[PDB]
């Protein structure tokens, strides 16, 4: 039955708008296949189009906003784009129609509305770009009757092994088509939909913009050569209308020009399914998808007081739809340094200088190809997989569709190498690389990241203990299916755990360090004087100078998180020898957190170093790091230490701002210094962990129950209201929030773990 659910899930998830790096485009979960993309831009002059045309996601003053209003990867959804520069509001509706043997069919509606400020006779160029990678695949544009282009629909017929036979149709559409009285029309027509069918080497097919512009440039070259000059120039829009030349090839450009409002459809018909998809099919299924989305949202994300209002519901729908709408399929090679240079061991004082020398050897090479199915922090700024981010992304998604989330977790673990390493940033293929400076592409096998995907697994296990709709919860509804999933994944989880202890081990034995265990101590590799990027808390102040005898309390707490998970999963699988080993490790971490990390003088947890005199020293900077054992759920609900942490969390003069918990204390000497990234701002992922642990203490009998209940109530309200207030004013979720002004700052479109706010509102953890 597991194999059967596997196949059904594959078929359900195959097609999507799985290119979150562009405003709108589709690809299936197949490395080398058919991809589609949308471009538009106003044309007012002979030179402006190259500046106006939209393709890849950005966020600047020329773009008011964009995002998914509704989305489910099984059914599709509706996206809204508000383009100031091009004076357009665009809607892209996408819908999936199951059937046949090849992952089903789909359709899209592209609707453009001129905004109030736009000239009522604006000319807009719109391009639908289609490409196909494959050795034995074919794609052919059926030619038009008319001399110069299409009066009606453009039909592409194609075949691949993965897709079988299919037809893709770009409809004539509704909206005024501008007409030219110029002489050029004798040779190019007066104005009509055109198609160029081209071939290029497979690996450059993703470069849609440069490919389009090269065609446009050859068009203009033709004009000059054929004596169309500045004495009497054709209109700008006609200068930029490609000459019709349809045919076979691995690239097809479908170009339309519109004056005023426009709309057109894209219909993809899997031949192996029933009758071909129609426009009428599209509208019906769109209506149906919205109805289904609304129902699931009210079940899954029941927003509790004081966020029951329609304003908060809209806010929740938007935050959630953008998070789930960010899911992408990525494929290609990665840049990895596989030297394992000895300087990367970081065993000596000054190690950061030795490590940089080794990096400057530039031994990294491309490897793979790999594929990844994942959500992403930010369409415009971070459109790729981040390891510890995904743990947070999947918490809301798992509520929506555990089978989806499990699929994504599986995607991630399928990347793990023989050592147990998964690269913390997944840049797959030349397309993904185009968005990343080369210096920052290289992944290092010694660099870890928080193993937050364990948290999602914890949620899955608890649920397991306690037709799309059916598929979405198949893995919990059929307990044998869930366990089979865990059976396969469990060895990879154990491998990663072992990798942590081999590669991120700290040094107890070689110093004057008394502690309950000689094994349990941990140190993030990859730290510079000012940074520890691998920890995820980029610039949070750590011991100075960096030192091989450092110990990091957050890393140890994550190791705690992992063992707990392996205890739960091992028990389920009856790995008795395993559970006994983990149990001892959990015991050891609990004592060693106290022995090496607890500061009585300061009343919180702390990183450690080794002195100028070779003595163990705590270095305390009060902030998220100080709370880590609490945030990770390692503290007993009656613990005196917990009490002290609750005092720190609730202290206004330290961590507690009107807008949420500051990442660093106002009293810390590093507050608001340097890049001030993790040195004061409020971060929703860490606030989310606090809220969940506060709630936990609040809903059990114990001495801190009422303290936690008060803090839970207020922190939930503070965090939700902060994100909502900014969403209301700016239309954006932000990477972080200013604790003095409440203002969102840094990266826009951070959906992104900011979207956890949907889970915070719906409560009842």
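Positions refer to the first chain, counted from 1.
Per the record, residue 466 and residue 467 are separated by a gap of 10 or more residues from the deposited sequence that were not modelled.
The mean Cα B-factor in the deposited entry runs higher for 129-137 than for the other of 321-329 and 129-137. In this entry, 94-102 shows the higher mean Cα temperature factor of the pair 212-220 and 94-102. Note on 343, 590, 538, 425: the highest value goes to 590, judged by CA B factor as recorded.
Of the candidates 654, 371, 390, 161, the PDB record gives 161 the highest C-alpha temperature factor. Annotation for residue 442: C-alpha temperature factor in the lowest third relative to the rest of the modelled chain, per the entry. Residue 57: CA B factor in the lowest third of modelled residues in this chain (values from the PDB entry). Among the modelled residues of the chain, residue 359 sits in the middle third by CA temperature factor in this PDB entry. Looking at the C-alpha B-factors along this chain, the one for residue 511 belongs to the highest third. Per-chain ranking of the deposited C-alpha B factor places residue 617 in the highest third.
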